[PDB]
Structures are given as C-alpha cells and as structure tokens.
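The primary structure of each chain is shown beneath.
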Amino acid sequence: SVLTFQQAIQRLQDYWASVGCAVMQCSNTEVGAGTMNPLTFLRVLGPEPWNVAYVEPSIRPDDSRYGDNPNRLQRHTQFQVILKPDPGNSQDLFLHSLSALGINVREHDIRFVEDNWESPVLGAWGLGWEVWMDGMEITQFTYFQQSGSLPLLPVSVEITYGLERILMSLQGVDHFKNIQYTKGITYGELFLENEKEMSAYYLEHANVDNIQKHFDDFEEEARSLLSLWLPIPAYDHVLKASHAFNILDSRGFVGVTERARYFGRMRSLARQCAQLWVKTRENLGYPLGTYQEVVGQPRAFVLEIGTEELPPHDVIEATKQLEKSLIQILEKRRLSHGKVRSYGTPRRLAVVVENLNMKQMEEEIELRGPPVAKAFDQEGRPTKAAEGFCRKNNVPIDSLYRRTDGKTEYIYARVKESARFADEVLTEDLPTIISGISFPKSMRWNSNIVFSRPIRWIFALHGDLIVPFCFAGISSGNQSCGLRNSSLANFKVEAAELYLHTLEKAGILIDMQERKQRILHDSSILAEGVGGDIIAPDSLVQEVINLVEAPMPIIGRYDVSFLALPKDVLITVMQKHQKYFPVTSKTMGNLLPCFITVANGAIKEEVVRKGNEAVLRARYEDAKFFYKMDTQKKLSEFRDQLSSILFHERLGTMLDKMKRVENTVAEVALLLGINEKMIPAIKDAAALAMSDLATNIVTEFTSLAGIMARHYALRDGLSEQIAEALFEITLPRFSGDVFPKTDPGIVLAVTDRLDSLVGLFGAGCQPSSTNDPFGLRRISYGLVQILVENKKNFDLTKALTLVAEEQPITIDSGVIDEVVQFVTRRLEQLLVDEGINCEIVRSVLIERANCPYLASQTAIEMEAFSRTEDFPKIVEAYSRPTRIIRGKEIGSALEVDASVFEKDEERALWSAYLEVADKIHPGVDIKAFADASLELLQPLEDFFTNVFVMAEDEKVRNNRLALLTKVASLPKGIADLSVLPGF
RNA sequence: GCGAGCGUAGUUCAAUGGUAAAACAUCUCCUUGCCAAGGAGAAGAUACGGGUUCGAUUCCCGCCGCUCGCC
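Residues numbered from 1 in each chain as written, not as in the entry; some residues may be left out. Chains lettered and ligands numbered in written order. Heavy atoms only, no water. Residues with missing side-chain atoms left out of burial classes, pairs and counts.

- Method information in the entry identifies cryo-EM as the source of the structure, with 3.59 Å recorded as the resolution.

Below is the structure:
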C-alpha cells in the first residue's frame, strides 16, 4: 500500500545508515529548528569529520493556530542529515534516498530551485537549493560557510527533510489530521489536542513576567558558565533562553523597539560559545583525525563547464563575461578564428569557436624601446637600459637602428612570433579565463577556489584532440552528463564538430533563444484549446527559461468558486510564487479556471498535472480565508493597527508618520498650484492613506501594498478619485515604473517623500558612505521625476522649511541646506545622462536649481542655443563688464543717475539697459534673453571704445562703475555665465 | 551589506612598458591705454602606498574618495 508515517522514518534512517551516517537521537530541550540542535551548530566547527543524521521535532509557538489550517503547526517533525566533509555525490545520494522511501523518481518532477539561507541570531549562512516535487517544496539543501562568526573549514552539507509535507503528497491527503500514522491509528488522533491546547498556552495564558525574568536568569547563567570554560551547559542555557524569547514574542508582549535589543542580547552569546568550543576541542588534540589536503587545416573548439544548478540570473551574466574574456585572449596571443558563439543551461555554460587556427600567425613586428637619452651614450651605448632592452628580446645588440620617433630617438629592432601549435597556448591561458568569471554570491566546496556552484566536469576539446589542463581538482576530458536519470546520463563526444548534434540527441535544447520559442509556442496551443491566451510578462519568461532544460507544458484546472477574489491576487499567487502562466479568455478578457505549468524531461504528465492542481488549491484556500477575515471590518478601522510597524527608532512607527502628513498636505497643494475645489477632496483621502499596510493579505503578499487598498476603498463606497489616489502614494516602486498622473495623486506621493527625507536626514541616518541603508537614493531620485515628468512648478527651499517643522526631533536651519544639495546632485545626474553637455548643467543649476522642472526645461533649451553662432557673441558681450570690475571699492550702492553723466556713450548705453531690463524679468525663458542681449552688445563696444572708466577724478568715477555693475548683473537668475568655457 | 565601474594640470580629455600632448583658465612682453580681442613666450598633473622588471601612468597586491544595481 502507501507509506505510513513511521515507515517513512524506519526506511530513511536505515538507508542513510547504509551510506555511513551515524544515527543519533534528538535532544531534550525545546528548539525551533534542527540546525540549532547542539550537535549541528557546535560540531561543524573545526577539522573534525562528522557524518551524522537524526530526527527531531521542532517547536515554534508563533505559528500556533489552534490546529485548524491544514499546513501550519506549532510542533512539526523534521529529519536532519549533515555531511562533513562534502563527499562529492552529495546530490546523487539524495535522489537515491527519495526512491528508497518509495517514490518513483523517473515519473514525478524533481526540481532544484535556488533559495539561500541566512540567520543573524546564530551568525550563519550558506548557499543552496530547495527541492520541489510536483510543485510542493519538500526539502532544503545547503552548503554552510559561516557558523558563529568564524568561517568554516571544510564546508558542511545540510539536508533537511520535512516529513509531514511529504506524507500529505505521497498519500492524497489535504489536512494533516488524516495522515495515517501506523496501520490503524491516525496522526490527528495522537497530536490533535496537543496541537489545540498548547496553542492556548503559547497564545493566551502564558504568564508573561515569569518568562521575562527567566530570560535574564538564563542569560546570566550562560554568561557565567563561559568563565569556568564549560561549553556544553553554557550552550544549553542559550537554547532555553532563546526559547523563552519566542513565547514572549507570541504573546505580543514584546513591543516594537525591544526586538533590536533582544536579538543583540542573544546573538553575542552564540557568537562567543563558538570560540570556546573550537578551542576546548583543540586542547584535546582532535581525537577524530584532521582534514588536510600536428599541422593541418583548422578545426572547431568547444568548451563546456558543467555545474550544479545555477540561479536563473547567473546564467545570463556568466555566458557573457566568458565569451568576451575568450574573444580578447584569442587575439592577444595572435590566433585567428571565425564565428564564436556562447550557450547556457542551468547546469552548463558552453562556448563554441569555429574553425580555430592550428598555429600562431608568426609574423615579424617592429618594437621601439627606450630613447637614446636613457640607454644610448657616446662611447657608452650599453649602459643599463640597452642591455635590458635587448635581453628580453635576445636579438643581438648590433641589430639596432634609429628612427625619427618624435625626437629621433628610441633605438629598436625586430622580433619573432614563435609559432606554438595552438594547443599548448590554450593550456597556459584557459585556467585564468575560467577563474575570471565573477558573481555577487559565491561558494567554496573543497578548496579556496570560489565559484557560484560546484563545478563537476569540464569538457574542452579541439578537433579530435583534448586540450589538457586542470581546474579546481578536475582534469578536463571528453565526457558529459545528459538529462539526469536517463539512459544518457553519461556519454562521450568524439569530435568537436558533432557536439551539438549529440547534445540534442539526449533531449537537451541548449540554444537559449530556441527554448523561449518552444515554451511560448506550445503554450499557445493549450491556451487556445480552452478558449483563451496566456499572460507572459517578459520578466517571467526570462525566469522560466532558466529553470528548465527540456521544457514540456501542461494545462491544469482549479476551482471556479475562487474567482471571487481580486484579479491581482490570483495572478500574483500564480506568478510570483509558483511560476505558472495564467489564462484569460480573449473574449470578455478576464480570467478562466486554467493555468499552464512547465515540466522538465521525461514526465508522466498524468501525475504532475494532478500534483500541481492540488497546491494552488491550498494556497488559494488560505488566501481566501485571509480575504474573508479582512472584509469583516470597515476600512477606516485598519488604521489603528499601524502603531506596531517600526519606521525609525528615535522617531517612531508608521501611524505617527502618516499622522504627520495630513497636517501638511494642505499646503503642498498650494506650492504646486493645485485647484481650490480639490483641496477638500484630498484631505479625506489622506487619512485613509497607507492603511492597508496592516491588513491580513498585505502581511502575506507584501507586494500588494497599494493594490489591496484601492480594492477595499472602492468596495467600501468612496469616490472614484479618492480610491485611485489611494494607490499612487506608492508609485514609483522601483526603477522604471509609471508615475502618478491624477491630480490628488501627486500631492501625497510628494508629501510622503518629503517626510521620509527630512526625518531620516535630520535624525542621524545620513547616507555618507558606500552603504545604502533605508534607501535614501531612490527616495530622493523619484521626487524629481514626479516633477520633471509632470509640468509642475515647485519650491525645494520652501517646502523643506515647512515639512521639517513637524518632526519630533528638532531640525535646525543648517541640516536642510544639505538635503537641497543631496537632491540637486541627483538632479544633475539625471540630467547629464540624457545626452546633455556637462558644462551647461552646472551653469543652470546655480540659480535655477530650486524648481526641478524649470531647470530641466532650460538646460535642454540652452544647449541647442549653445550650438548656434550667437553663443560666442553673448558669452563675450557679458564678459567685458564683469572682468573689468574685479573689485575697485564700489561703495555708493546704486549710483546709477544723471548727477554728472557728462560721458558721451553713457547716454546711449543706459537707455539700452533700461529697454532690455524692462523685458528680462526674473523668470523669463532663454530665447527672449538670447534675442534681447544681441542689441545690447553693440553699445557696449561703443562705450568701451571711448569712455575711460578708471578714475581720473576723485569722487565722480562711481557712475562709470555702477553703469557696468548693472549691465553685468542682469543675467542673475537665468544662467551663471562665468563658468562656461570660451570666456 | 555585497558586487560592478572609475580616479591625469586649476576645469574637460589623448596616450601607452621606458624625453606624458592639446583646448579653456593663469602669468609676462606687445599698445587707436584701463575690459575684450589678434601676436610671441613661460609655468603647471597620473589620489596614496607596496611588488617584479634595467625602467610602470600601463601588469600584480593593499588603502582613500566618487558613481551605480541588490539587500
């Protein structure tokens, strides 16, 4: 029959005992996971080999739900296996485990989807995958690299089965209380009331001060026993203190600001138990050993680097910096070739260079060295440089001559190219090619070489002969693994020109652009067989392509009564978590009860559809309960939960922040010049803002912040524009998203971004680093795009003098004069990379930098004027009276008068100044300026020609100074003309 | 938190294994004087430290600053 719950264990722990793991027992203290058991956190540190495997429950109380939802339990059993050192087969033993416990691995769909692991409390992290059998995540698989705070050597492999998410799939059961434990008895009929009334304890009746005391008591005892040098009890007390913190957090007694203190209090206990254990081991001497460690026509050249499953976006950025790094070094070494072409797959990165040469080019080239001054001399030609110049080239020293190299120097000679057979060249240069590829996250598995996933085979051939070398303990050869668990899981390719034809004879489609066209072209037949078509945003196809090797699509049905949910929760479940394709009927274009999934390989396609249909019958069944729990109360009541989300420590939660916005959004609608008959209809849509952030859905689907506020608002019976404005307080959410277009949608999206700037700035967290906490870059970058894309006239130095007045911490006039600069630099960077010149955007941003729309308007309109032949007339016309007045003690400020203006050309210059200054007002555009100064430039050169400005008289020489101070100051407000070149 | 790319006169930019160039700015000499303009001349730099090589601005390592993605 089927596997019961105890046979699963009785077979897993004897299979893993045939391999060689010791089989221990669980602990006797409450833990939350398995990786914190005393014998997998302590005993991975050191040189000590530790193959072990055990079974333990895990108790985490904040997941207690009275035992009703069929997936979450407050006490669930695991199965943990740790292998140190990494044996090498570490994921071909796993798939023998699976078919050992009665699974048919040639029939289901086993997928290795990447998921890293990190935990700051223990101070550990590692890289690895999670295993999807028919859509269900069943197992985690990790290589460790830190533990405590000291790096690991050698690294450990951790495999952690979860034995109640496996047994519901292997048995056709939807609710855990129907799982057959042994022949006759059920799982519910053993653990139901423990599930039911330990929840009431961890959830309602836990005495919450006799735990607050026990936390500190355990902390003190573990800190004391770390001074008699006793690691064992000094860690058990850490275990039973981090337990008592969990049933504090569950009861809700931990506020919002104590968590950052509790985590710190308990992290430095595990951080310093580790350094004691690793030493008390080595004072014994490590009683468990120690870990120490030809000429012919051209032929093709193929190089493949097998791997274990890379992420979906480490194939794309590593199939480029390999082909480029090969293109360079093929010609750096004087070798000729043809059509070079790369490829990719989750577990191989191939490159093909066609008809590669057989020898180097072998031509003689000139080469000039040091000048005749340094090396050559009269009767002293060889000093110390000529010999060094001929030694590295071994040409005889009397084979040199001179050339007019600028100054008729630099003696030189010829050299040779030294043909080297094109297969002893690559031996020297390939390892530094393969070692060149660099990723953001990277591993170590058996040495100090770094890569993103372990390399398992290298297939590098040329013609018929093998290019021999070694990288990371693997000697290159001519074998390759095909589609896993098939008849061609290992083949050998003879000649490098029948590589591709052999590869696709084992099922693999390696050409990346011909997997997209066999996904999106066998999905359409399915979607049209039912009546509709797919929804494939090309940010999802680029991540479904690189999860598969030989694709195969399948349609599946889910229930119709789930169609009452919002459309944008159905599609987000089906896309961002399971990676499916929704289906919409192309007549009346809303959703249908179908989905399309992409299997991988030789699949039964009768069990995988039936297995996938029953996972999003469960995720939908949870989201529907959340939704029905969220329509129990009117939306205006979800505000008063907001006071339990942290924003920043010394300034507080989110409820106070949204409190500080209703009181200022009544003026930012006057700075932008918004119509009067909408300043009412904004403010009531300002109290409801950011309310959905405490909802039940949005805590689960944290990407629906903003959608599931408009959905509730419209349903409650508000206006349309209120609900629509309740959505664009979040736009834009990343780089390249739509901006707020409606009128009351700008006010709020601007008023929020003013606060999150002025508060975070005037309260310590300044971005002065390469480190970016709190995202102060994009928050400051979006505030200028909401304006330059929307034709709005703003004042950055008045709004920041008014949205800083509200904060709880005091804001002095000096700290808002750096926010303006941190915004202006961002505007300059936005403006330069639009194909603008760099010198004009620094001559408009000196006084037009306040209103970010007029600046971006008048900096594009100034370059086109700079390229016309009036720029050199104006930039000089205004430079003749600003240099001549570099300081001569002009004291009588205005002085522009006819008191004594007995000058000849003054009487015709001041008139021109008045008739132009009557046009140029402090906000004029650049063209009226550029046509109003061209007629002023002549009386200038008719004034300077005659009048001797400098003082031949004592008092009356200030007219002649003010009359030019004015003509010099006219462009104050339009452009700072003393920076542009050509002055 | 991690990666990626960068750093040359005062501002912008060429070059590369072995006399670091040019533009604008600055200075002096000219005089239908003080501004501008046309002419001659002069001075001025590889962020910093370390490594090989006879010689590194260039190849290698380490420190400081800047810009950009993810967290």
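## Some thoughts on the packing of aromatic side chains
Reasoning step 1: For the structure on display, the rule yields 32 aromatic pairs.
Reasoning step 2: On the basis of an interplanar angle of 90° and a centroid distance of 6.0 Å, the ring pair of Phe112 and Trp129 is categorised as edge-to-face. A residue pair is termed long-range when its members are at least 10 positions apart, and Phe112 in strand β5 (residues 110-114) and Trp129 in strand β7 (residues 124-133) qualify at 17 residues. In this pair, the class of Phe112 matches that of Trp129, namely buried.
Reasoning step 3: Aromatic pair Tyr187 and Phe191: ring centres 4.9 Å apart, planes at 45°, arrangement tilted.
Reasoning step 4: The class of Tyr187 is buried, set by a relative accessible area of 1%.
Reasoning step 5: Residue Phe191 is classed as buried on the basis of its relative accessible area of 17%.
Reasoning step 6: Pairwise contacts between aromatic rings join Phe79, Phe94, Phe112, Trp129, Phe141, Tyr143 and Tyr161 into one cluster.
Reasoning step 7: The ring of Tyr412 has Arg403 sitting right over it, with the charged end atom 3.7 Å from the ring centre.
Reasoning step 8: Between the NZ or CZ atom of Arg710 and the centre of the ring of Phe727, over which it lies, the distance is 4.6 Å. (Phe/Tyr/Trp six-rings, centres within 6.5 Å; stacked < 30°, edge-to-face > 60°. Helix = DSSP H or I, 4+ residues; strand = E, 2+ residues; numbered from the N terminus. Buried < 20%, exposed > 50% of the residue type's maximum accessible area, 1.4 Å probe, protein only. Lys NZ or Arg CZ within 6 Å of the ring centre and 35° of its normal.)

## A short note on the nonpolar core
Burial of nonpolar side chains together is a common tendency in soluble globular proteins.
Reasoning step 1: By size, the foremost hydrophobic cluster in this structure holds 74 residues, and its most contacted members are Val750, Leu754 and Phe794.
Reasoning step 2: Take this core: its biggest share by element is 10 residues, from helix α24 (residues 743-761).
Reasoning step 3: Here this core spans two domains, since at least three of its residues come from each of domain 4 (514-630) and domain 5 (635-832).
Reasoning step 4: When near neighbours in sequence (up to four residues on either side) are disregarded, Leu754 contacts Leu783, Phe794, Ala799, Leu800 and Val803. (Core = buried A, V, L, I, M, F, W, Y, C linked by side-chain atoms within 4.5 Å. Domains from an automatic or database assignment. Contact = heavy atoms within 4.5 Å.)

## Focus on unusual backbone geometry
Reasoning step 1: Along the chain, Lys84 connects to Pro85 via a cis peptide bond; the corresponding omega equals 5°.
Reasoning step 2: Looking at the element boundaries, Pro85 is found in the loop between β4 (75-83) and α3 (94-100).
Reasoning step 3: Between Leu153 and the following residue, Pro154, the backbone shows a cis peptide bond with an omega angle of -5°.
Reasoning step 4: Along the chain, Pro154 turns up in the loop between β9 (150-151) and β10 (157-162).
Reasoning step 5: Residue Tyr66 is not a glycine yet carries a positive backbone phi of 60°.
Reasoning step 6: Among the secondary structure elements, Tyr66 is positioned in the loop between β3 (57-59) and β4.
Reasoning step 7: One non-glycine residue, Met690, lies in the positive phi region at around 50°.
Reasoning step 8: By secondary structure assignment, the location of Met690 is in the loop between α20 (679-687) and α21 (696-700).

## Examining the domain arrangement of chain A
Reports often express the size of an interface as the amount of accessible area lost when the parts come together.
Reasoning step 1: According to the domain assignment, chain A contains domain 1 (5-206), domain 2 (299-361 + 421-503), domain 3 (366-414), domain 4 (514-630), domain 5 (635-832) and domain 6 (862-969).
Reasoning step 2: Centre-to-centre separation of domain 2 and domain 3, based on C-alpha positions: 43 Å.

## Notes on the protein's contact with RNA strand B
Reasoning step 1: Taken together, 34 residues lie around RNA strand B, and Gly388, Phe389, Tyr410, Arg880 and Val947 are the ones closest in.
Reasoning step 2: Protein-adjacent atoms of RNA strand B, using a 4 Å cutoff, are sugar or phosphate at a proportion of 45%.
Reasoning step 3: At 2.7 Å from a base nitrogen of RNA strand B is found a main-chain nitrogen or oxygen belonging to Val947.
Reasoning step 4: With respect to RNA strand B, the backbone of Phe983 contributes an N or O atom lying 3.3 Å from a phosphate oxygen.
Reasoning step 5: Looking at the surface near RNA strand B, the elements with two or more residues in it are α9 (385-391), α27 (816-832) and α30 (880-883).
Reasoning step 6: By residue class, the composition of the surface near RNA strand B is 13 nonpolar, 7 polar and 14 charged. (Near = heavy atom within 4 Å. Polar contact = N/O pair within 3.5 Å; in protein donor to acceptor, adjacent residues only side chain to side chain. Nonpolar A, V, L, I, M, F, W, Y, C, P; charged D, E, K, R; others polar.)

## So, the sheet that holds strand β13 (residues 299-307)
Reasoning step 1: Reading across the sheet, the 5 strands line up as β14-β15-β13-β19-β20 and stay open at both edges, with antiparallel pairing between neighbours. Two strands in the sheet have a free side with no partner beyond their single neighbour: β14 (340-342) and β20 (465-466).
Reasoning step 2: Sheet topology places β13 next to strand β15 (residues 351-356); 4 bridges connect them, and they run antiparallel. Along β15, the bridge assignment pairs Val302 with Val352. (Pairing = 2+ DSSP bridges.)

## Quick word on α20
Reasoning step 1: Of all the positions in α20, only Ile679, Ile682, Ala685 and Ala686 are classed as buried. The buried side chains of α20 occupy one side of the element, clustering within an arc of 125° when seen end-on.
Reasoning step 2: Those residues of α20 that are buried lie in contact with α18 (655-662), α19 (668-671), α23 (720-725) and α24. (Arc of directions from axis to C-beta.)

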